[PDB]
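Peer 1: Structure file target31.cif (mmCIF, C-alpha atoms and all ligand atoms) right here:
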data_structure
#
loop_
_atom_site.label_atom_id
_atom_site.label_comp_id
_atom_site.auth_asym_id
_atom_site.auth_seq_id
_atom_site.Cartn_x
_atom_site.Cartn_y
_atom_site.Cartn_z
CA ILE A 1 -96.23 13.77 65.68
CA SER A 2 -97.24 12.66 69.18
CA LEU A 3 -94.51 13.39 71.73
CA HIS A 4 -94.18 12.57 75.41
CA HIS A 5 -94.91 15.35 77.91
CA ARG A 6 -94.08 16.05 81.54
CA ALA A 7 -94.98 18.88 83.88
CA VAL A 8 -91.85 20.89 84.74
CA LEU A 9 -91.61 24.04 86.91
CA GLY A 10 -95.28 24.93 86.51
CA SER A 11 -95.24 24.49 82.74
CA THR A 12 -94.73 21.46 80.50
CA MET A 13 -92.00 20.07 78.28
CA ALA A 14 -92.24 17.69 75.34
CA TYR A 15 -89.69 15.14 74.20
CA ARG A 16 -89.10 12.39 71.66
CA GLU A 17 -88.10 8.98 73.00
CA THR A 18 -86.83 5.87 71.23
CA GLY A 19 -84.46 2.95 71.75
CA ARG A 20 -84.17 0.18 74.31
CA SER A 21 -84.75 1.35 77.89
CA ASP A 22 -81.79 -0.69 79.21
CA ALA A 23 -79.28 1.00 76.87
CA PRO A 24 -77.36 4.08 78.06
CA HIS A 25 -79.23 7.37 77.96
CA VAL A 26 -78.49 9.61 74.98
CA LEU A 27 -79.74 13.19 75.29
CA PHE A 28 -80.15 15.17 72.03
CA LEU A 29 -80.16 18.98 72.46
CA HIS A 30 -81.38 21.34 69.71
CA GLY A 31 -80.85 25.09 69.33
CA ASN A 32 -82.50 28.15 67.76
CA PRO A 33 -85.17 28.04 66.29
CA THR A 34 -85.62 24.26 66.01
CA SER A 35 -86.90 21.48 68.29
CA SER A 36 -86.54 17.72 68.77
CA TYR A 37 -87.78 17.55 65.15
CA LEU A 38 -84.22 18.43 64.10
CA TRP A 39 -83.13 14.95 65.22
CA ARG A 40 -85.94 12.95 63.57
CA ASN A 41 -83.68 11.33 60.93
CA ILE A 42 -80.79 10.79 63.36
CA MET A 43 -82.31 9.22 66.48
CA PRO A 44 -83.53 6.02 64.71
CA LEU A 45 -79.89 5.27 63.81
CA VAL A 46 -78.82 5.60 67.46
CA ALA A 47 -81.81 3.70 68.94
CA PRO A 48 -80.11 0.25 68.70
CA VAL A 49 -77.30 1.39 71.03
CA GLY A 50 -78.92 4.02 73.25
CA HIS A 51 -82.06 5.09 75.07
CA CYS A 52 -82.62 8.30 73.12
CA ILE A 53 -84.35 11.37 74.57
CA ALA A 54 -84.71 14.61 72.59
CA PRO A 55 -86.42 17.44 74.48
CA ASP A 56 -88.11 20.47 73.03
CA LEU A 57 -86.61 23.39 74.95
CA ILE A 58 -89.10 25.51 76.88
CA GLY A 59 -90.92 27.81 74.43
CA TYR A 60 -89.93 25.60 71.45
CA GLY A 61 -91.69 22.80 69.61
CA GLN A 62 -94.52 21.23 71.61
CA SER A 63 -93.20 22.41 74.98
CA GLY A 64 -95.09 24.96 77.02
CA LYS A 65 -95.02 28.72 76.46
CA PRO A 66 -94.84 30.18 79.98
CA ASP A 67 -94.47 33.87 80.73
CA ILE A 68 -90.72 33.81 81.39
CA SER A 69 -87.70 35.68 80.04
CA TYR A 70 -86.39 32.77 77.91
CA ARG A 71 -82.79 33.70 78.73
CA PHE A 72 -80.07 31.05 78.64
CA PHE A 73 -80.38 30.42 82.37
CA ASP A 74 -84.13 29.84 81.99
CA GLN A 75 -83.42 27.23 79.33
CA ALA A 76 -80.83 25.63 81.62
CA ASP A 77 -83.29 25.51 84.54
CA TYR A 78 -86.08 23.88 82.54
CA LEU A 79 -83.71 21.35 80.97
CA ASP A 80 -82.30 20.45 84.41
CA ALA A 81 -85.82 19.96 85.70
CA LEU A 82 -86.74 17.63 82.85
CA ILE A 83 -83.50 15.63 83.20
CA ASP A 84 -84.25 15.10 86.89
CA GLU A 85 -87.91 14.24 86.22
CA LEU A 86 -86.79 11.57 83.72
CA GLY A 87 -84.17 10.13 86.10
CA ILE A 88 -81.23 10.81 83.77
CA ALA A 89 -78.09 10.65 85.92
CA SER A 90 -75.64 9.36 83.28
CA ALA A 91 -75.89 10.07 79.56
CA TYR A 92 -74.18 10.67 76.28
CA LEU A 93 -74.94 14.20 75.06
CA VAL A 94 -75.52 14.98 71.37
CA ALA A 95 -75.73 18.73 70.95
CA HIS A 96 -76.15 21.58 68.44
CA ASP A 97 -75.98 25.46 68.74
CA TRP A 98 -77.47 26.66 72.09
CA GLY A 99 -77.79 22.93 72.77
CA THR A 100 -74.00 22.87 73.01
CA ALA A 101 -73.98 25.78 75.45
CA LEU A 102 -76.52 23.84 77.53
CA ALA A 103 -74.41 20.67 77.25
CA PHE A 104 -71.17 22.43 78.25
CA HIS A 105 -72.90 24.19 81.17
CA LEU A 106 -74.52 20.93 82.29
CA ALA A 107 -71.23 19.03 82.16
CA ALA A 108 -69.49 21.74 84.19
CA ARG A 109 -72.11 21.62 86.95
CA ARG A 110 -72.68 17.83 86.85
CA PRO A 111 -69.26 16.42 85.90
CA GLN A 112 -70.37 12.86 86.69
CA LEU A 113 -73.24 12.92 84.19
CA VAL A 114 -71.44 12.91 80.83
CA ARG A 115 -70.45 9.57 79.27
CA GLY A 116 -69.42 11.35 76.06
CA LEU A 117 -70.18 14.51 74.08
CA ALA A 118 -71.01 14.57 70.37
CA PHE A 119 -71.36 18.13 69.19
CA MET A 120 -71.28 20.49 66.25
CA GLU A 121 -71.73 24.16 65.41
CA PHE A 122 -71.13 25.10 69.03
CA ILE A 123 -71.20 28.41 70.89
CA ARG A 124 -68.14 29.84 72.60
CA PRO A 125 -67.38 33.32 73.95
CA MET A 126 -66.41 35.56 71.06
CA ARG A 127 -63.98 38.36 71.86
CA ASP A 128 -65.20 40.53 68.97
CA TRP A 129 -67.99 40.58 66.40
CA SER A 130 -65.28 39.50 63.94
CA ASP A 131 -65.22 36.10 65.74
CA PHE A 132 -68.92 35.40 64.97
CA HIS A 133 -69.80 33.43 61.81
CA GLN A 134 -68.10 33.24 58.38
CA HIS A 135 -69.40 36.28 56.47
CA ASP A 136 -70.36 39.89 56.99
CA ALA A 137 -74.01 39.47 55.96
CA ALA A 138 -74.63 37.11 58.90
CA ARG A 139 -72.77 39.42 61.29
CA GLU A 140 -74.91 42.37 60.20
CA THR A 141 -78.15 40.39 60.55
CA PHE A 142 -77.22 39.36 64.10
CA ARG A 143 -76.08 42.88 64.99
CA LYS A 144 -79.59 43.97 64.00
CA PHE A 145 -81.25 41.20 66.04
CA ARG A 146 -79.32 42.54 69.04
CA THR A 147 -80.42 46.15 68.40
CA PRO A 148 -83.41 47.38 70.46
CA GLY A 149 -86.61 47.78 68.42
CA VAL A 150 -84.94 46.57 65.21
CA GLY A 151 -84.67 43.00 66.47
CA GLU A 152 -88.31 42.97 67.54
CA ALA A 153 -89.40 44.11 64.08
CA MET A 154 -87.31 41.43 62.35
CA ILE A 155 -88.05 38.48 64.64
CA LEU A 156 -91.35 39.18 66.41
CA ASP A 157 -93.09 40.86 63.48
CA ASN A 158 -91.39 39.11 60.53
CA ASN A 159 -90.37 35.79 62.16
CA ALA A 160 -86.94 36.18 60.55
CA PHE A 161 -85.16 33.47 62.55
CA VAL A 162 -87.62 30.79 61.42
CA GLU A 163 -88.27 32.15 57.92
CA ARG A 164 -84.81 33.39 56.89
CA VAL A 165 -82.00 32.20 59.17
CA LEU A 166 -83.13 28.56 59.30
CA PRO A 167 -83.57 27.82 55.56
CA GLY A 168 -80.65 30.13 54.81
CA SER A 169 -78.26 27.70 56.54
CA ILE A 170 -79.58 24.42 55.10
CA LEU A 171 -78.10 23.43 51.74
CA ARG A 172 -81.05 21.39 50.52
CA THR A 173 -84.50 22.94 50.21
CA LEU A 174 -86.87 21.68 52.90
CA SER A 175 -90.19 20.29 51.73
CA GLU A 176 -93.38 22.24 52.35
CA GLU A 177 -94.20 19.81 55.16
CA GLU A 178 -90.81 20.25 56.83
CA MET A 179 -90.95 24.06 56.77
CA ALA A 180 -94.56 23.94 58.00
CA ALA A 181 -93.40 21.87 60.98
CA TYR A 182 -90.56 24.27 61.78
CA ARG A 183 -92.82 27.34 61.74
CA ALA A 184 -95.80 25.74 63.52
CA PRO A 185 -94.73 26.66 67.12
CA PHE A 186 -94.29 30.28 66.02
CA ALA A 187 -97.64 31.30 64.51
CA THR A 188 -98.21 34.21 66.90
CA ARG A 189 -96.04 37.27 67.43
CA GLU A 190 -95.58 36.63 71.16
CA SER A 191 -94.59 33.00 70.62
CA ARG A 192 -91.45 34.20 68.81
CA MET A 193 -89.89 35.80 71.90
CA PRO A 194 -87.56 32.85 72.70
CA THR A 195 -86.09 33.12 69.18
CA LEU A 196 -85.27 36.81 69.75
CA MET A 197 -83.82 36.28 73.24
CA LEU A 198 -81.20 33.73 72.18
CA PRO A 199 -79.31 35.93 69.68
CA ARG A 200 -79.28 38.58 72.44
CA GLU A 201 -77.67 35.99 74.76
CA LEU A 202 -74.75 35.20 72.44
CA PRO A 203 -71.52 36.06 74.31
CA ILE A 204 -69.95 38.72 72.09
CA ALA A 205 -67.32 41.14 73.45
CA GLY A 206 -68.24 40.12 76.99
CA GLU A 207 -71.94 40.96 76.70
CA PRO A 208 -74.06 39.65 78.26
CA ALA A 209 -71.62 39.30 81.13
CA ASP A 210 -73.52 36.56 82.96
CA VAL A 211 -73.65 34.27 79.91
CA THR A 212 -70.01 35.13 79.18
CA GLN A 213 -69.00 33.96 82.68
CA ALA A 214 -71.04 30.76 82.46
CA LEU A 215 -69.64 29.78 79.06
CA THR A 216 -66.06 30.84 79.81
CA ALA A 217 -66.19 28.57 82.85
CA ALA A 218 -67.95 25.81 80.89
CA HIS A 219 -65.32 25.93 78.13
CA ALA A 220 -62.51 25.72 80.69
CA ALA A 221 -64.23 22.71 82.27
CA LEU A 222 -64.61 21.18 78.80
CA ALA A 223 -60.87 21.62 78.16
CA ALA A 224 -60.04 19.85 81.44
CA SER A 225 -62.61 17.05 81.00
CA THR A 226 -61.63 13.49 80.11
CA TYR A 227 -64.79 12.02 78.57
CA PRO A 228 -64.80 11.06 74.88
CA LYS A 229 -65.73 13.80 72.41
CA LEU A 230 -66.86 13.76 68.78
CA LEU A 231 -66.96 17.07 66.88
CA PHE A 232 -68.74 17.14 63.52
CA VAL A 233 -67.88 19.92 61.08
CA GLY A 234 -69.16 21.02 57.69
CA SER A 235 -67.68 23.18 54.94
CA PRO A 236 -67.80 26.14 55.17
CA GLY A 237 -69.89 25.72 58.31
CA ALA A 238 -71.30 28.73 60.13
CA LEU A 239 -70.17 29.02 63.74
CA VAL A 240 -67.39 26.45 63.19
CA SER A 241 -65.20 26.32 60.09
CA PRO A 242 -63.14 23.21 59.26
CA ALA A 243 -59.96 25.08 60.23
CA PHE A 244 -61.41 26.22 63.56
CA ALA A 245 -62.67 22.71 64.36
CA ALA A 246 -59.20 21.23 63.89
CA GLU A 247 -57.63 23.93 66.00
CA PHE A 248 -60.31 23.81 68.74
CA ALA A 249 -59.94 20.02 68.89
CA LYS A 250 -56.26 20.41 69.84
CA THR A 251 -57.30 22.26 73.00
CA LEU A 252 -59.34 19.30 74.25
CA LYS A 253 -58.62 15.79 75.50
CA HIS A 254 -59.99 12.75 73.63
CA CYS A 255 -61.85 14.69 70.84
CA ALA A 256 -62.04 13.40 67.24
CA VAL A 257 -63.26 15.53 64.33
CA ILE A 258 -65.64 14.02 61.77
CA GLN A 259 -65.80 15.90 58.44
CA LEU A 260 -69.27 15.91 56.91
CA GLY A 261 -68.53 17.85 53.73
CA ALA A 262 -70.61 20.69 52.33
CA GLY A 263 -72.90 22.26 54.90
CA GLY A 264 -73.76 25.31 56.91
CA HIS A 265 -75.24 25.49 60.38
CA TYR A 266 -78.12 22.98 60.41
CA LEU A 267 -75.94 20.01 59.50
CA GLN A 268 -78.63 17.56 60.64
CA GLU A 269 -80.74 18.47 57.62
CA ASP A 270 -77.94 17.86 55.12
CA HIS A 271 -76.13 14.88 56.71
CA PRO A 272 -78.49 12.97 59.06
CA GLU A 273 -77.31 9.47 58.11
CA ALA A 274 -73.64 10.36 58.55
CA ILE A 275 -74.29 11.91 61.97
CA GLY A 276 -76.51 9.07 63.22
CA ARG A 277 -74.23 6.29 62.01
CA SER A 278 -71.18 8.04 63.45
CA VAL A 279 -72.77 8.60 66.86
CA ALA A 280 -74.06 5.02 67.11
CA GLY A 281 -70.68 3.52 66.24
CA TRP A 282 -68.95 5.87 68.69
CA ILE A 283 -71.30 4.91 71.55
CA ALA A 284 -70.81 1.23 70.74
CA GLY A 285 -67.05 1.68 70.89
CA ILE A 286 -67.10 3.58 74.19
CA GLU A 287 -69.46 1.07 75.80
CA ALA A 288 -67.28 -1.85 74.72
CA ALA A 289 -63.97 -0.26 75.70
CA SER A 290 -65.31 0.91 79.07
CA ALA A 291 -66.94 -2.47 79.85
CA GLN A 292 -63.35 -3.91 79.71
CL CL B 1 -79.00 6.81 84.92
CL CL B 2 -64.74 36.87 75.58
CL CL B 3 -74.03 7.29 56.42
#
Starting from the coordinates I provided, produce the structure as structure tokens.
Peer 2:
Amino acid sequence: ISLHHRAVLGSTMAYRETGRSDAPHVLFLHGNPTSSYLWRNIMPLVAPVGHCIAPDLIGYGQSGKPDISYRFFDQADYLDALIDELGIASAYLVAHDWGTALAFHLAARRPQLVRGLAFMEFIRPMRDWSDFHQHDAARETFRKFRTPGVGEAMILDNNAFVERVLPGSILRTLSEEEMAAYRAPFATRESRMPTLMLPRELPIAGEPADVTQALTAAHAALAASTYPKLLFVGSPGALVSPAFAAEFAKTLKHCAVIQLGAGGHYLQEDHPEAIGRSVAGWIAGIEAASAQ
């Protein structure tokens, strides 16, 4: 899998690219602990209608592994730098997990950029631990990730995000090749640090406060925004249940909900054709209706 690379902020970032270069930009944003690989069966279905770019976040996939904190704001800075390097000033965003937090934060700061947002399994500030996920076992696992020393043993030493959380929220069983690809960036203990930092960034009960502020503001900007929105949901889902998707959608302008059926968090692995076909049709409709 040969990706494109660019130098960004003294390190490097990798990205997949496909589609016609005169079509609108479509930026695909993955989360923890995946990469642009998550979109491999989706992007080819959007290529006829969009110039598709799928970055590997810093510390993920084939991107660089600099000595940084890997906090949310680090991810935002490196993504901004790549967007500017690639000349992306107007784009559709297609986002998952921390990719949605990045998309919401980007749209709040650059309100002219977003032509439309397709999203699923998104992050929002959670008032209490009871607002995170659908079952107690997941809540307890993430409580442990956020516990000093314990989280390091689970994620740095045992690679639990890659080896347990990821396959645990895909309905089908990945092939040996697919799981080998997902674990390949994370062969060393130190390389796993980004995957430990992100669960510690989740905004739960106001902590961390800086992420809580950024995503509270970003969600308010999202509620006020007028660009088209497409929210995919699975059953039972993980961060987003079908019931919560329908209720969240009512708080937004111009947001349709697409039901994918049985799925957990990594809906791209269980429903790639449905997501790709939906996004491509949606872009085609927006482009035609906005071109008059
Ligand atoms: Cl542009
Ligand atoms: Cl909150
Ligand atoms: Cl389909």
Peer 1: What separation in Å, quoted to one decimal, exists between atom CA of residue A:290 and atom CA of residue A:116?
Peer 2: 11.6 Å
Peer 1: Can you work out which one of A:120, A:222, A:8, A:54 has the shortest atom-to-atom distance to residue A:238, counting only C-alpha atoms?
Peer 2: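 Among the listed residues, A:120 lies closest to residue A:238.
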Peer 1: Any residue with an atom at most 6 Å from ligand CL 1 (chain B) counts, using all atoms listed in the file. Which are they? Put them as JSON, numbers by chain.
Peer 2: {"A": [88, 89, 90]}
Peer 1: In Å, rounded to a single decimal, give me how far atom CA of residue A:230 is from atom CA of residue A:276.
Peer 2: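 Interatomic distance here is 12.1 Å.
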Peer 1: Which protein, DNA or RNA residues have an atom at most 6 Å from (-86.9, 41.2, 70.0), counting only C-alpha atoms? List them as a PyMOL selection string.
Peer 2: chain A and resi 151-152+196
